[PDB]
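A short write-up of the structure that comes next.
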Amino acid sequence: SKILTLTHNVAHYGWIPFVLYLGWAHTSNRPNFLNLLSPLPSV
Amino acid sequence: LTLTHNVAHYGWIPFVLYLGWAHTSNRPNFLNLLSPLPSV
Amino acid sequence: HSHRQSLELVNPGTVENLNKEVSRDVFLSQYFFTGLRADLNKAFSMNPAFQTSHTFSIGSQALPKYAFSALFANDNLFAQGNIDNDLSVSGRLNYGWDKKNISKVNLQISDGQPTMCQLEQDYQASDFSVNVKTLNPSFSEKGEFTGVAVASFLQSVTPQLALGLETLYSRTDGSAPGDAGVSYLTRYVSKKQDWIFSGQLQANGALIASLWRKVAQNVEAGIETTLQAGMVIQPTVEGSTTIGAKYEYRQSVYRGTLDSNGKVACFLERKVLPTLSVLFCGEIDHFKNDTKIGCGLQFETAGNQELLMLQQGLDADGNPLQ
Amino acid sequence: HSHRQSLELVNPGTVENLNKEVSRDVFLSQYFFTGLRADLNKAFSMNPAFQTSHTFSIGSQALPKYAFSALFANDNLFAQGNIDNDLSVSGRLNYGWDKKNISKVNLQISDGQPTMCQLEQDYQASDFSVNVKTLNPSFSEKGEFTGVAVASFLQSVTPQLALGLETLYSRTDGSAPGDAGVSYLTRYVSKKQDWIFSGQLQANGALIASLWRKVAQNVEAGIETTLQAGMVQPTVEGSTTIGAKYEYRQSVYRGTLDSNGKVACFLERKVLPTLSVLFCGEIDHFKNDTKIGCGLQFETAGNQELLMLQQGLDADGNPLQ
Amino acid sequence: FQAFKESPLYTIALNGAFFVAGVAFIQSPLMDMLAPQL
Amino acid sequence: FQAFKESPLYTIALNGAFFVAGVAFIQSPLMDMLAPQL
Amino acid sequence: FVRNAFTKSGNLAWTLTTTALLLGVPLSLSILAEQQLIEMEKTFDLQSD
Amino acid sequence: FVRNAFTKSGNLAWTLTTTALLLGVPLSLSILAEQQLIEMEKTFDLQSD
Amino acid sequence: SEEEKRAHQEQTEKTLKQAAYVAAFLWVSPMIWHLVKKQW
Amino acid sequence: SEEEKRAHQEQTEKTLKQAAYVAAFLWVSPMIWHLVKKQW
Ligand SMILES: CCCCCCCCCCC
Ligand SMILES: CCCCCCCCCCC
Ligand SMILES: CCCCCCCCCCC
């Protein structure tokens, strides 16, 4: 695709957002971005 | 006694051990005095 | 070909798990670290298994200064990502077409260095196990394979004995002919399954032998011997022998090791809380007169109230398990 | 000398203990080590106080690999010996003529090295303290003193304020004339005795100021500032450190921050009545390195009475109080 | 300015400020909140 | 022989003897004695 | 300069986190052991009556 | 030759002692914690009957 | 030169084919063991 | 250089005598401060 040809040297930084989104779409609580990224017991 | 000056400092720790040993009521033996194990 | 079910052979393990009980359970090579370490991890789900992690380290050459991770795993998928403080990204993707057929992809991308890749296909049949993988594949102009390809096969010849072999093929530059190498494998498990023997006869002249034994319900023991042959125009054989034991309880795991080169080591994990444990490892090399110390901690949290209560043990409304 | 007894002054302590509470109780410079360590003590008496010790160590430059020690101490005598691996023998001998007049000897004899000696006389009056100390004395054939000689004086001028001074005289070579230096001291203890200030004006241009405070019955705190003067053109070298100590029934914690970027901690946990486990760790944020030490201490006894007493069950009788 | 940062007076001023602020923190009631009641 | 001690057969025999002695010790009841009843 | 402002904040967060962990974990263990001793002695005093 | 044998014996006793200390102190701590857990469970069993 | 590459390639191809034959014999082997054990 | 050493020795002797003088003044200090506090 054109997007894959335009961005190839920075396309590997979107892998960990994809794993975070895949985990987030299966949770019943569905926490926010800072709750996903923080190590504290956010609940 | 003045010609043994070079090795006379190895008798200080036996003197402290004897000073302690003469004041104990138990009076343990030499191997027990030098043994870390409880060893009453 | 009719009495295989009459023979009633079971599937052996994988070639990767040939000496798992000695190498990765009793011995402390996979657990030893140096310096100070802190690993904080959080769990958001349990049946689709979503987790994140943070790692802090100082005083070691292997571990990064900081790393962030995330993993997701349902019954036929496993994804993982990881990024360091030098901005190196690692990925992983296992997909199981069945419970006997798994395809694995493993990438590693860092700036200023070439991209590392690794592909693998695993197949576990009723009484044998095949595994073919490929480390750093590439192709030339004419269409010649470059990099190293490994294939292995393991077969149960009797309900306790297993025999196998493993082939290798490395062609580094692509303007030279490739190499080859064949290993030979053996694994014998006792009838009571209380001791396991495993031996290898590798392509690079090595020879590894291992023995595991389960002493009590809390104590295991192991011994491993490695002999490696080489050249200086003269023969040269380098040998080693390691012996160890593992004691596991409800609140602590202990591992201790002796070596024939004059090294003694220990590893202790001490669970001072249901969500907090303290690690200690120490070594003494009696041949060189030096030591290594590591101290660390592990902290587990949760991302919702049900998981918080379950990992505390209070369960629903302060009523524990039964 | 008529109204001193109406003034009602007290003894101001010693010069050596001028900042004892900050420097040797709250801070962890005397306790920090690196590597692995083990101490095995053994007691034979309590009122005449006879003890032995064994020490094992690996991974540090300060500690020796092995050392054996023994000490004896009654109400007016103190003897101590110590031998390491490689055969370095060290000795110590105090003797109190009175309860306030102590003479001290201190020898250290190692092979291939000159003998080190140190003499000291300590005197504590009703409202002042004197201390004369000679480090490595020598005399030539002509009759010239060679070595270091220190004399101190500390006077209580108020029930809370103490002032004093310290004089040094060092003549190393014996051919060139020696040099002298004068320090000035100050110690102020509060009226309720919950905070203490100490200050020094050293002969090397240094300036040390300290403050101690007892926050609760288990918590103490401290802060110390050092300014050094050097000629590298004048240069000033300085550090400021702050710390706290938490004492409980079976654990002592010490933790320290520093203005050069270092943090450190020290923990001693008594896992048994006769066993302790020590941990100390340091992170230097300016240089990005670390130090770790782990060790243990074991205390035993040499007779049944002391063995039962340190276990806590005094024979058939109850522990009671 | 940047000429004052290389002067020897900067170390003296910085360590004096550190000592005064630390003494004021230690004698404050903020130090009492760091002692647990147990 | 000291000439035997320079051979690779010395290391082979030493590690083989260590392995068979360790296997005999592990399968002996001394290893059962090394596990406390608790 | 924006990324130069971000990198120093990341390093500052790393230093604050590791300083707080090293100074705080052993003190927390000490306070936990003291709380368990107080609870055990209170249960003994309740068993006395 | 007697002093060399004494040197070898002392240098062997040091290695045996430090090996025994490093291997046996954390195992002893682990066994001690297990015994205290079993004793606490026995007190809970005595309270539960 | 070039003539030593053919010997190396022939030897490596021979090694790979020998490994394949050993794997086939290993797959056959349980029935052979059963036949020998039932005969004796 | 013997006349250079006499200035150094004179200076160190003067330093020691000045230290003795301020020690004597420190000993007589509490009565002086008591008189000042009582008069003031
Ligand atoms: C090397 C000194 C050991 C002790 C000697 C003193 C013995 C005193 C005997 C009193 C009759
Ligand atoms: C009585 C001899 C041992 C004590 C030392 C006294 C001298 C004091 C130090 C030198 C002035
Ligand atoms: C040659 C391998 C080891 C032989 C001995 C096995 C253990 C037998 C039981 C020992 C009591």
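Mean projected area of the Cα convex hull of region D:177-278, taken over all directions, amounts to 10.7 nm². Across peptide F:7-16, the mean count of Cβ atoms from other chains lying within 10 Å of each residue's own Cβ comes to 5.
Applied to region C:169-176, the Karplus parametrisation 6.51 cos²θ - 1.76 cosθ + 1.60 on θ = phi - 60° returns per-residue 3J(HN,Hα) values of 8, 10, 9, 7, 7, x, 9, 10 Hz, with x for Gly and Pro.
Shape class for region D:1-312: rounded, because the ratio a/c of the largest to smallest gyration tensor axis (alpha-carbon atoms, square roots of eigenvalues) is under 1.5. Between the amide H of C:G181 and those of C:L168, distances stay under 5 Å, these residues lying 5 or more places away or on another chain, with hydrogens modeled in the peptide plane.
Figure legend: label point modelled 7 angstrom from the Cα of J:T15 along Cα→Cβ; residues of region D:139-155 with amide N under 14 Å from it are D:148-151. Here the Karplus curve 6.51 cos²θ - 1.76 cosθ + 1.60, taken at θ = phi - 60°, turns the phi angles of region D:32-45 into couplings of 6, 9, 9, x, 10, 8, 8, 10, 10, 8, 7, 9, 10, 8 Hz, with x standing for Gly and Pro. Here the spin labels are modelled as points 7 Å beyond Cα on the Cα-Cβ line, and at C:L308 and C:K263 they lie 4.4 nm apart. A Förster distance of 45 Å, applied to the separation of the beta-carbon atoms of G:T19 and A:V10, puts the FRET efficiency at 0.85. Note on chain B: helix-only mean residue ellipticity at 222 nm, from DSSP H runs of 4+ residues weighted -39500 (n - 2.57) and normalised by residue number, equals -8500 deg cm²/dmol.
Could I have the simple spin-label model distance between C:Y123 and H:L37, label points 7 Å from Cα toward Cβ, reported in nm to one decimal? About 4.5 nm, to one decimal. With viscosity 1.306 mPa s and temperature 10 °C, the Kirkwood radius over alpha carbon pairs of the protein assembly as shown converts through Stokes-Einstein to a diffusion coefficient of 45 µm²/s.
Is there a simple number for the mean count of other chain Cβ atoms within 10 Å of the Cβ of residues in D:48-55, and what is it? Mean partner shielding for this stretch: 4.
Placing a label point 7 Å from Cα along the Cα-to-Cβ direction at J:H8 gives distances to the equivalent points in the other copies of 7.8 nm, listed shortest first.
Can you find, among D:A206, D:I242, D:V232, the residue farthest towards the positive end of the dipole of region D:185-255? Put +1 on the C-beta of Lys and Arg, -1 on that of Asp and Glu. Ranked along the dipole, the leading option is D:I242. Counting only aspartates and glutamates at least 8 places from J:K37 when in the same chain, those with an alpha carbon closer than 20 Å to its own are D:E8, D:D127.
Highest mean packing first, where packing is the average number of other Cβ atoms within 10 Å per residue, the peptides D:249-259, D:147-157, D:6-16 line up as D:147-157, D:249-259, D:6-16. Taking the label point 7 Å along Cα→Cβ, E:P29 and its counterparts in the other copies are spaced 7.3 nm apart, in ascending order.
Phi-derived couplings, Karplus 6.51 cos²θ - 1.76 cosθ + 1.60 at θ = phi - 60°, listed residue by residue for region C:157-166: 8, 7, x, 10, 9, 9, 10, x, 7, 9 Hz, with x used for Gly and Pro.
Taking 13 Å as the straight-line reach from the Cα of C:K42, the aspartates and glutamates in range (excluding those fewer than 8 positions away in the same chain) are C:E300. Within straight-line reach of D:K142, meaning a Cα separation under 25 Å, sit the following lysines at least 8 residues removed in sequence or on another chain: D:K133, J:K5, J:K14, J:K17. Close amide-amide hydrogen proximity is noted between D:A244 and D:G255, each under 5 Å apart and 5 or more residues distant or on a separate chain (H modeled in the peptide plane; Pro and chain starts excluded). The chymotrypsin sites (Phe, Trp or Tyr not before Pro) found in chain G that occupy coil by DSSP, while having at most 15 further C-beta atoms within 10 Å, are G:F1. For chain D, the dipole from Cβ point charges (+1 on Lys and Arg, -1 on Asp and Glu) about the Cα centre works out to 560 debye, to the nearest 20.
Given the rule -39500 (n - 2.57) for each run of at least 4 DSSP H residues, summed and divided by the residues of chain C, what is its mean residue ellipticity at 222 nm, to the nearest 500 deg cm²/dmol? Don't skip to the answer; put the middle values down first.
On the way: 2 runs with 12 residues, N = 322.
Computed ellipticity for chain C at 222 nm equals -1000 deg cm²/dmol.
Put simply, the C-alpha atoms of region C:145-224 give a gyration tensor, and the ellipsoid matching it has half-axes of 34, 14, 9 Å, longest first.
Only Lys, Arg, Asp and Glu carry charge here, each on its Cβ (+1 for the first two, -1 for the last two); on that basis the protein assembly as shown has a dipole of about 320 debye about its Cα centre. Highest-first packing order for the peptide set F:21-28, C:75-82, F:1-8 is C:75-82, F:21-28, F:1-8, based on the mean count of other beta carbon atoms within 10 Å.
Equivalent-ellipsoid semi-axes for chain H (Cα gyration tensor, √(5λ), whole Å, largest first): 46, 8, 4.
Starting from the Kirkwood radius over alpha-carbon pairs of chain I, derive D by Stokes-Einstein at 20 °C in a medium of 1.002 mPa s and give it in µm² s⁻¹. Please list the in-between numbers first.
Details: Rh = 12.5 Å.
Translational D for this selection: 172 µm²/s.
Taken about its Cα centre, chain H carries a charge dipole of roughly 740 debye when the Cβ of each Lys and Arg holds +1 and the Cβ of each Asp and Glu holds -1.
Near C:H286, the amide H atoms lying under 5 Å from its own belong to C:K263, C:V264; only residues 5 or more places off or on other chains count, and H is placed 1.01 Å from N.
Rounded, prolate or oblate: pick one for region C:31-119, where a ≥ b ≥ c are the square roots of the eigenvalues of its C-alpha gyration tensor, a/c under 1.5 means rounded, and failing that, prolate if a/b is larger than b/c, else oblate. Judged from the Cα gyration tensor, region C:31-119 comes out oblate (a/c at least 1.5, b/c at or above a/b).
Determine the shape class of chain B: with a ≥ b ≥ c the square roots of the Cα gyration tensor eigenvalues, call it rounded for a/c under 1.5, and otherwise prolate if a/b is greater than b/c, oblate otherwise.
Working: a/c = 4.34, a/b = 2.32, b/c = 1.87.
It comes out prolate by the Cα gyration axes.
Shielding of peptide D:104-115 by partners, expressed as the average count of other chain Cβ atoms within 10 Å per residue Cβ, is 1. Placing a pseudo-label 7 Å from each Cα along the Cα-to-Cβ vector at D:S60 and D:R249 gives an inter-label distance of 3.0 nm.
So basically every Cβ, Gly included, is an ideal-geometry build from the backbone, and we count neighbours across all protein chains shown. None of the figures in this text is laboratory data; all of them are computed from the coordinates on show.
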